[PDB]
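Residue numbers (the authors' numbering), protein chains in the order written: chain w, 106 to 309; chain O, 1 to 136; chain M, 1 to 123; chain 8, 1 to 38.
By construction, the Cβ of each residue, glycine as well, lies at the ideal position given by its N, Cα and C atoms.
First up is the structure itself, then whatever we jot down about it.
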Amino acid sequence: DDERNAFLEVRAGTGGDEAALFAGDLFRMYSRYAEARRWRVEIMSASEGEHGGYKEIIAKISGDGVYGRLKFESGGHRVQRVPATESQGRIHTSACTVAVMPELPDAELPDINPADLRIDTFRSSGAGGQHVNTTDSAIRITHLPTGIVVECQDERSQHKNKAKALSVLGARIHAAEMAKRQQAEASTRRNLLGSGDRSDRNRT
Amino acid sequence: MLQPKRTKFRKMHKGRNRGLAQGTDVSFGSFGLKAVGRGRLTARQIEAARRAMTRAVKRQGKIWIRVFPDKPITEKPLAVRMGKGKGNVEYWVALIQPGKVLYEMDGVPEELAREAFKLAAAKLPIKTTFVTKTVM
Amino acid sequence: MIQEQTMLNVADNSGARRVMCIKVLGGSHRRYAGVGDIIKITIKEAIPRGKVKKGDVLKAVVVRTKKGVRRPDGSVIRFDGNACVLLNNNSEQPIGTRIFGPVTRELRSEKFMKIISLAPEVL
Amino acid sequence: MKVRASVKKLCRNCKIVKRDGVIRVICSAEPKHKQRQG
RNA sequence: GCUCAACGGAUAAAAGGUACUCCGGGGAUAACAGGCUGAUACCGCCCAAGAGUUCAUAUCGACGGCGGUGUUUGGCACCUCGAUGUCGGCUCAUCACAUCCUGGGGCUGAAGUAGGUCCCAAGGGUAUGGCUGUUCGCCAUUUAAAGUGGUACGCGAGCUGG
RNA sequence: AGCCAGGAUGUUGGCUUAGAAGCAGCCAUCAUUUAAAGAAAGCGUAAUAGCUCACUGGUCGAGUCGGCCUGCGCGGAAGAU
RNA sequence: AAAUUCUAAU
RNA sequence: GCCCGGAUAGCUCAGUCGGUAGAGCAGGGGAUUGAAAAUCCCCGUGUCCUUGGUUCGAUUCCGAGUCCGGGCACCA
Ligand SMILES: [Mg+2]
Ligand SMILES: [Mg+2]
Ligand SMILES: [Mg+2]
Ligand SMILES: [Mg+2]
Ligand SMILES: [Mg+2]
Ligand SMILES: [Mg+2]
Ligand SMILES: [Mg+2]
Ligand SMILES: [Mg+2]
Ligand SMILES: [Mg+2]
Ligand SMILES: [Mg+2]
Ligand SMILES: [Mg+2]
Ligand SMILES: [Mg+2]
Ligand SMILES: [Mg+2]
Ligand SMILES: [Mg+2]
Ligand SMILES: [Mg+2]
Ligand SMILES: [Mg+2]
Ligand SMILES: [Mg+2]
Ligand SMILES: [Mg+2]
Ligand SMILES: [Mg+2]
Ligand SMILES: [Mg+2]
Ligand SMILES: [Mg+2]
Ligand SMILES: [Mg+2]
Ligand SMILES: [Mg+2]
Ligand SMILES: [Mg+2]
Ligand SMILES: [Mg+2]
Ligand SMILES: [Mg+2]
Ligand SMILES: [Mg+2]
Ligand SMILES: [Mg+2]
Ligand SMILES: [Mg+2]
Ligand SMILES: [Mg+2]
Ligand SMILES: [Mg+2]
Ligand SMILES: [Mg+2]
Ligand SMILES: [Mg+2]
Ligand SMILES: [Mg+2]
Ligand SMILES: [Mg+2]
Ligand SMILES: [Mg+2]
Ligand SMILES: [Zn+2]
Numbered sequence: 106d107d108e109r110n111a112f113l114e115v116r117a118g119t120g121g122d123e124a125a126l127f128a129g130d131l132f133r134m135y136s137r138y139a140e141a142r143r144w145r146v147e148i149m150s151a152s153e154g155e156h157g158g159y160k161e162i163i164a165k166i167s168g169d170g171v172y173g174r175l176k177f178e179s180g181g182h183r184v185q186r187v188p189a190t191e192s193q194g195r196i197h198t199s200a201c202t203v204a205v206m207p208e209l210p211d212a213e214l215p216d217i218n219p220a221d222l223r224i225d226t227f228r229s230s231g232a233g234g235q236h237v238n239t240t241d242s243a244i245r246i247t248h249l250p251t252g253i254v255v256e257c258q259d260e261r262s263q264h265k266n267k268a269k270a271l272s273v274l275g276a277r278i279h280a281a282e283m284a285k286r287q288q289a290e291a292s293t294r295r296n297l298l299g300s301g302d303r304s305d306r307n308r309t
Numbered sequence: 001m002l003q004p005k006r007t008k009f010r011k012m013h014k015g016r017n018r019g020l021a022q023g024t025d026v027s028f029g030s031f032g033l034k035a036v037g038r039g040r041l042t043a044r045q046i047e048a049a050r051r052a053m054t055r056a057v058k059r060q061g062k063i064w065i066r067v068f069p070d071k072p073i074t075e076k077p078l079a080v081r082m083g084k085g086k087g088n089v090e091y092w093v094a095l096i097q098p099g100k101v102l103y104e105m106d107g108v109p110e111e112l113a114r115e116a117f118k119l120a121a122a123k124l125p126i127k128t129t130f131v132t133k134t135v136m
Numbered sequence: 001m002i003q004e005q006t007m008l009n010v011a012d013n014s015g016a017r018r019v020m021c022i023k024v025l026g027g028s029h030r031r032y033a034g035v036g037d038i039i040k041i042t043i044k045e046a047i048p049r050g051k052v053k054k055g056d057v058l059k060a061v062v063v064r065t066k067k068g069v070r071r072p073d074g075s076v077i078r079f080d081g082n083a084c085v086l087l088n089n090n091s092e093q094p095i096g097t098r099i100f101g102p103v104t105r106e107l108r109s110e111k112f113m114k115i116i117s118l119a120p121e122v123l
Numbered sequence: 001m002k003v004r005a006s007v008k009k010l011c012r013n014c015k016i017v018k019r020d021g022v023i024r025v026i027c028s029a030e031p032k033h034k035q036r037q038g
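As structure tokens, this is what we get:
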């Protein structure tokens with residue numbers, strides 16, 4: 106199922122500095138719960154909150170059944186209390202936003218397998234006198250599964266053009282998959298996170 | 001892929017491949033492939049044949065590789081003219097003369113070694129035969 | 001005697017005024033289309049609130065030609081313009097519900113009896 | 001019919017017959033086993 | 001007494017452009033085409049881990065191996081420098097088959113209709129337009145189909161000149 | 001090689017899984033009656049079934065069955081006046 | 001003679 | 001493809017002339033403030049890109065390699 110390592114992200118919602126203080130307290134709570142489970146917690150990244158805790162702390166928790174237990178902590182958490190950054194004794198309400206993610210294999214297969222490539226060789230255009238006319242010094246490669254087309258005619262050698270055009274094809278087919286993965290994870294984070302505004306919450 | 005860990009010299013002449021072979025007997029196992037033709041074995045061919053013969057005996061018994069590819073073969077890049085130096089090392093080969101034993105195998109039935117020595121020879125460019133131990 | 005690039009009028013109330021022939025269907029290397037032949041057209045202008053929009057790609061049937069038709073006794077019938085009735089790509093059925101001007105006897109087939117019925121007169 | 005440079009027996013019903021200077025394989029059980037050398 | 005190191009040392013003393021060019025020679029030496037070769041290119045075949053619900057071979061074929069052709073890019077520098085006019089388009093073609101359609105068959109994971117793949121077969125046929133000088137390619141709409149190559153990558157004492 | 005006959009007994013096994021029973025894949029591969037018969041080589045079920053082979057008896061009845069070394073041939077083998 | 005700031009529930 | 005330059009602390013960067021590595025920012029503790037910053041005091045830095053070799057000893061010297069930056073790739 107899903108009993109793997111997790112990424113725990115918690116950031117400040119409404120409140121400002123007090124939200125940062127509560128984020129620090131909440132992260133400390135989770136760190137203590139993890140250390141009393143024989144789990145390892147590592148700070149992948151930190152953005153501190155001026156007075157107290159963190160504007161945004163993201164950590165990676167490694168262990169057994171981590172995601173099976175921590176996957177219900179997503180959403181918003183509300184805190185009502187007398188803040189430390191308050192001259193008077195006024196009670197204030199603030200919120201923090203928590204997301205929990207799994208980890209996935211990230212293989213990047215260079216599908217440069219030539220069994221699914223269409224290659225065309227043809228003449229080039231420009232100033233070349235009598236040699237350029239009677240020679241196939243321009244290359245074009247199309248990758249059939251994805252429909253990505255790249256052509257090269259910059260040099261006088263067919264071999265050089267083929268090599269660098271193939272390299273460009275590989276790079277610009279890898280980018281088109283990295284972007285898709287990035288937008289998928291960003292969307293998932295967006296609908297898991299919510300918008301910390303002390304009205305959408307899971308616990309008070 | 002077998003290859004010397006370190007070598008005194010980077011490149012080497014071409015030479016010739018005349019004469020018969022020393023090491024025409026089986027010394028460790030009970031069966032082996034003896035080479036009949038003359039040529040070269042690349043390290044890619046030795047590993048390709050060893051995997052086919054290994055998979056056929058179901059990881060039973062012992063297998064000896066009795067040749068080593070310790071000769072560097074150079075090759076010029078593409079679409080260049082002559083001369084201007086010597087090419088770069090690309091692969092390693094082992095010269096084969098008529099008579100060498102290429103592999104050994106022990107711990108398996110006599111009829112099973114033939115089957116595994118049949119799939120192994122199919123990956124090699126040199127005609128081979130099957131031999132057994134001799135008392136003297 | 002209709003080729004590609006030929007402009008034709010329209011002889012129904014489908015909302016088009018001038019259409020331009022872009023293909024003569026029926027065979028390879030086919031040259032002309034006479035009365036009773038299906039062609040491929042594009043709309044060049046249309047009524048503001050018609051059934052069809054300018055730039056559409058449809059089919060049509062030729063019902064009047066300047067070159068005319070010839071009859072088995074040697075006689076001919078000629079008009080003063082080329083006209084067509086708009087059909088749809090799939091069902092081969094007329095789009096409008098009215099026909100303007102006369103038609104001819106070469107439409108007396110089961111495919112175009114919907115046009116023969118609606119026409120003011122048949123020549 | 002499968003045309004290949006190496007015809008071989010694939011089951012126990014396959015037979016080797018040389019007809020008109022051509023070597024071919026036929027078996028009475030599996031029609032997929034018939035083949036000729038070419 | 002010389003890094004006269006271009007080391008048998010030209011003067012004590014010295015850099016470039018020519019598409020505005022010019023003379024004497026060379027196929028002793030390059031760019032086009034021919035030639036030898038076939039690394040590269042394209043097409044076949046051998047073995048069979050395997051995928052295919054099960055099942056190596058209905059359809060594919062990992063690791064390796066063996067050949068054919070002379071369409072590509074090359075290697076060589078054998079012919080031509082007292083001259084063999086070089087891309088594409090037009091008109092006109094002719095041959096090979098490694099067959100796009102039509103024709104005859106075997107297997108199928110072939111109910112039918114439609115297909116996949118492999119044999120035999122060269123008689124005939126085998127698009128019009130938009131963009132670009134374009135070969136190539138993308139797109140729109142047709143067709144039974146819009147084949148792959150050789151011929152100085154056919155064809156300027158047959159046309160053009162982008 | 002044909003031609004008749006047989007070609008048996010507790011594994012509805014735990015071992016895996018819903019179901020795996022000789023023939024899906026993990027182990028073992030004993031014993032009995034017998035002239036023979038494998039606790040399964042093949043075809044065949046979701047799982048059973050069902051269908052062959054080995055092996056063993058009768059007629060026939062003279063030869064028959066596969067490796068090794070060698071000579072010459074066969075296929076693999078498609079291009080352009 | 002120098003010197004910035006104090007979110008959001010009274 | 002050819003030639004040239006560079007790789008040193010968490011980040012930008014100086015330095016050897018074979019025995020020994022620094023600066024600014026950042027980092028940790030403490031002062032001042034009702035509190036945060038600015039200001040003050042005290043304290044730590046790193047297998048000098050990878051590899052093989054010569055050396056008693058290599059960041060340094062000599063061959064290979066990777067990555068990064070620049071110049072060149074012309075006559076047909
Ligand atoms: Mg120029
Ligand atoms: Mg339009
Ligand atoms: Mg016949
Ligand atoms: Mg000199
Ligand atoms: Mg000299
Ligand atoms: Mg001028
Ligand atoms: Mg002269
Ligand atoms: Mg010379
Ligand atoms: Mg010279
Ligand atoms: Mg030449
Ligand atoms: Mg010549
Ligand atoms: Mg399988
Ligand atoms: Mg040629
Ligand atoms: Mg050539
Ligand atoms: Mg010459
Ligand atoms: Mg010479
Ligand atoms: Mg001459
Ligand atoms: Mg010349
Ligand atoms: Mg002359
Ligand atoms: Mg002349
Ligand atoms: Mg053929
Ligand atoms: Mg024909
Ligand atoms: Mg005839
Ligand atoms: Mg144009
Ligand atoms: Mg032709
Ligand atoms: Mg050619
Ligand atoms: Mg030409
Ligand atoms: Mg041509
Ligand atoms: Mg001429
Ligand atoms: Mg003339
Ligand atoms: Mg001009
Ligand atoms: Mg002009
Ligand atoms: Mg032969
Ligand atoms: Mg501020
Ligand atoms: Mg305030
Ligand atoms: Mg401090
Ligand atoms: Zn068979």
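- Query: Count the other CB atoms within 10 Å of the CB of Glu4 (chain M); is the residue buried (16 or more) or exposed (fewer)?
  - Reply: exposed
- Ignore the nearest five residues each way along the sequence and tell me which others in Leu25 (chain M)'s own chain have a CB closer than 7 Å to its CB. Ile38, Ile39, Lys40
- Item | Beta-bridge pairing of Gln185 (chain w) - partner residues as DSSP gives them | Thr198 (chain w)
- Message: Restricting to Cα atoms, I'd like to know which of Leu118 (chain M), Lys51 (chain M), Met113 (chain M) is closest to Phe100 (chain M).
- Response: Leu118 (chain M)
- Residue of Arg223 (chain w), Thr226 (chain w), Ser242 (chain w), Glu290 (chain w) minimising C-alpha distance to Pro207 (chain w): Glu290 (chain w)
- Query: Does ligand 2 have a heavy atom nearer than 7 Å to the CB of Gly121 (chain w)?
  - Reply: no
- In whole angstroms, what is the alpha-carbon distance linking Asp12 (chain M) and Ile43 (chain M)? 14 Å
- Rounded C-alpha distance that separates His197 (chain w) from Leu113 (chain w): 26 Å
- Message: Do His248 (chain w) and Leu214 (chain w) have their beta-carbon atoms positioned less than 8 Å apart in this structure?
- Response: no
- By a C-beta neighbour count over all protein chains shown, 10 Å radius and 16 as the cutoff for buried, is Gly38 (chain 8) buried or exposed? exposed
- If we ignore side chains and look at the alpha-carbon of each, how far apart do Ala49 (chain O) and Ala121 (chain O) end up? 7 Å
- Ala291 (chain w), enclosing alpha helix (DSSP H) - first and last residue: 263–298
- Query: Based on Cα-Cα distance, which residue from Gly121 (chain w), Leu131 (chain w), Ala268 (chain w), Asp107 (chain w) lies nearest to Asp169 (chain w)?
  - Reply: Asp107 (chain w)
- Message: So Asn82 (chain M) and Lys66 (chain M) are supposed to be a Cβ contact under 8 Å. How far apart are they, rounded?
- Response: 6 Å
- Message: Whole angstroms are fine: how far does the CA of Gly83 (chain O) sit from the CA of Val36 (chain O)?
- Response: 37 Å
- How big is the Cα-Cα spacing for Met134 (chain w) and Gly61 (chain O)? 58 Å
- Take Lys267 (chain w) and list the residues in its own chain whose beta-carbon comes closer than 6 Å to its own, dropping the five residues that flank it on each side. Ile244
- Those runs of the beta strand (DSSP E) which lie wholly inside the stretch 46–84 of chain O and span at least 3 residues: 62–65, 71–75
- Report yes if the C-beta distance between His156 (chain w) and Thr119 (chain w) is below 8 Å; otherwise report no. no
- Does the distance from the CB of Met105 (chain O) to the CB of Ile63 (chain O) come in under 8 Å? yes
- Task: Could you check what DSSP says for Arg105 (chain M) in three-state terms: helix, strand or coil?
- Result: helix
- Would you say the stretch 161–181 of chain w touches the stretch 254–266 of chain w, given that touching needs at least three Cβ pairs under 8 Å? no
- Can you give the Cα-Cα distance for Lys15 (chain 8) and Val3 (chain 8), rounded to whole angstroms? 16 Å
- Residue burial classification, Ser242 (chain w) (beta-carbon count within 10 angstroms, cutoff 16): buried
- Query: Just checking my contact of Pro102 (chain M) with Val122 (chain M) at CB under 8 Å: how many whole Å lie between their CB atoms?
  - Reply: 7 Å
- Query: How long is the line joining the alpha carbons of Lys32 (chain 8) and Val89 (chain O), rounded to whole angstroms?
  - Reply: 48 Å
- Could you tell me whether the Cβ atoms of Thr104 (chain M) and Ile77 (chain M) are closer together than 8 Å? yes
- Within its chain, find whatever has a CB closer than 7 Å to the CB of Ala16 (chain M); leave out the 5 residues flanking it on each side and keep chain order. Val10, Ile43, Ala46, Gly50, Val52, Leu86
- Task: Assign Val135 (chain O) to one of three DSSP states: helix, strand, or coil.
- Result: coil
- Considering only residues of the same chain and omitting the five flanking positions on each side of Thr129 (chain O), which have a CB-CB separation below 6 Å? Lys34, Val36
- In whole angstroms, what separates the C-alpha of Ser152 (chain w) from that of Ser192 (chain w)? 26 Å
- Task: Apply the 10 Å Cβ neighbour rule to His182 (chain w) and answer buried if 16 or more other Cβ atoms are within range, or exposed otherwise.
- Result: buried
- Message: Taking 7 Å as the limit between beta carbons, can you name the residues of its chain near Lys71 (chain O), skipping five residues before and five after?
- Response: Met12, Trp92, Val93, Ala94, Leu95
- Item | Selection from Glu106 (chain M), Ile95 (chain M), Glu92 (chain M) that minimises the alpha carbon distance to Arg71 (chain M) | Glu106 (chain M)
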